[PDB]
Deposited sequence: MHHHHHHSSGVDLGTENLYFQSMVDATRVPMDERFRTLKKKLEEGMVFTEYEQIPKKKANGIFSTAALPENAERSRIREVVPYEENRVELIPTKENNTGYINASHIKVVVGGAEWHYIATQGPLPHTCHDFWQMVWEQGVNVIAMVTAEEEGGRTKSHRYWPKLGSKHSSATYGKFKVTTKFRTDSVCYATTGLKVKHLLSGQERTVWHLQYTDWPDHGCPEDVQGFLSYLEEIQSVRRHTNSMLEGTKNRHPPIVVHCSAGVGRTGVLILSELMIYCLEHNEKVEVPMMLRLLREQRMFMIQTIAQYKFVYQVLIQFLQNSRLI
């Protein structure tokens, strides 16, 4: 029945179109400040005040503003923490790396190419003879890369220049999203999700059997809501399916939109989540 229910739905237009885009009484005071307008790629997509990612203020960035949201979801006993953010701008790369540093992030899931159809989606905030670049106070060095065609996994070393401390950050870039619509290769997106799962596990291995808080993974696309929402909703719903949790897809999307406005921007994106879930169940 469960499988037949998902396949049948794929009716989804009305289900999607009915879900509110944002919290009714949303507050976004810091994001709305004129000084923070230029820090948003798409002005209309901003974090709610209560769960924006707060950077330690600096002289140039006195509110410690970055267009990024803490997304926290508990499913049964399991707790998920993502930071959903925009593709960095040329003038926010240093903010991005400050965030990754301060939040203890080990994994970045970038669900976009830098440029698509001649349109900029994200700045190149990791190194392209020299394999390093310094963004503000953070030196980033590209160490290795595995290209799996649909996606590529790059190992980065990030050094906080003030303290000399270093961390490995894993950068997982999905490269198969077409200019319009959604990927035809659903299997490749599932494999990308598997790669994220793999990397999160190995980066958190030394926390196993402790009460240490698992750090968030960063998820971004262009504005940090469309494909970013697809990834997060897919991971959560796959978990729900694996553990037979009684959670409906549209209700989980509502929960996500209460934490970051506009998550999942198109019907094609929403339908794609269903395609991902159906293929996951078929694979199982």
| property | result |
| --- | --- |
| Missing segments of the deposited chain sequence, listed N- to C-terminal | 1 to 32, 43 to 45, 164 to 166, 323 to 325 |
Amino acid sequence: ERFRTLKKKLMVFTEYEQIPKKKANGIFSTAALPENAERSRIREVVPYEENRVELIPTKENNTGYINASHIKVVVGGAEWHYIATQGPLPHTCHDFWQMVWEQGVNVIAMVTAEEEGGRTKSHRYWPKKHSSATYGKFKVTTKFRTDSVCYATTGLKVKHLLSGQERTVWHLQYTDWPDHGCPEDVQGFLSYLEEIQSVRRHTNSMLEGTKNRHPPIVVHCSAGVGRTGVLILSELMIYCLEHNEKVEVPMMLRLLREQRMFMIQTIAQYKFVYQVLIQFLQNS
From here on, numbers count along this sequence of modelled residues.
property	result
Per the entry, higher mean C-alpha B factor between 18 to 26 and 260 to 268	18 to 26
Mean Cα B-factor comparison, 1 to 9 or 274 to 282, giving the higher one as deposited	1 to 9
Candidate residues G136, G209, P90, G104, the one whose C-alpha B factor the record puts highest	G209
Top residue by Cα temperature factor, when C150, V100, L172, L161 are compared in the entry	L161
Chain-wide C-alpha B factor ranking for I66, given as lowest, middle or highest third	lowest
CA B-factor placement of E79, once the chain's modelled residues are sorted into thirds	highest
B-factor third for the C-alpha atom of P127 within its chain	middle
Third of the chain, ranked by Cα B-factor, where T112 sits	lowest
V249 CA temperature factor, ranked by third within the chain	highest
